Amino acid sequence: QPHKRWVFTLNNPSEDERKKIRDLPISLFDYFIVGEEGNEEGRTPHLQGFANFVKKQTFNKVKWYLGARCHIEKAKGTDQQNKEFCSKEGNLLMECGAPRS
């Protein structure tokens, strides 16, 4: 049930929610990336994220760390694929660690 690797989307993040995530300790993660997306024409600003935790984490622990309003899923793709997907719009909020095999 608890799982090491999760993606997340957070739609219309507020400055508070961005700070919560910004302020996460980097010791929590083997790899973590968060991109700001959805800022272009007629479209929803959101965080596009991926977390590879040091330890496996339950669904509700992940929501505690990242925020109540996040949509989260067990990651099916590799760290590298997620790194590319969450970097695709060119405005990264944070990235720490390195992608893992």
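Residue positions are given as counts along the sequence shown, with the first one as 1.
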Going by the entry, of stretches 36-44 and 59-67 the one with greater average Cα B-factor is 36-44
For residue 26, the third of its chain by CA B-factor is the highest
Based on the entry's values, in what third of the chain does the Cα temperature factor of residue 84 lie: lowest, middle or highest? lowest
Residue 98 by Cα B-factor - lowest, middle or highest third of the modelled chain: middle
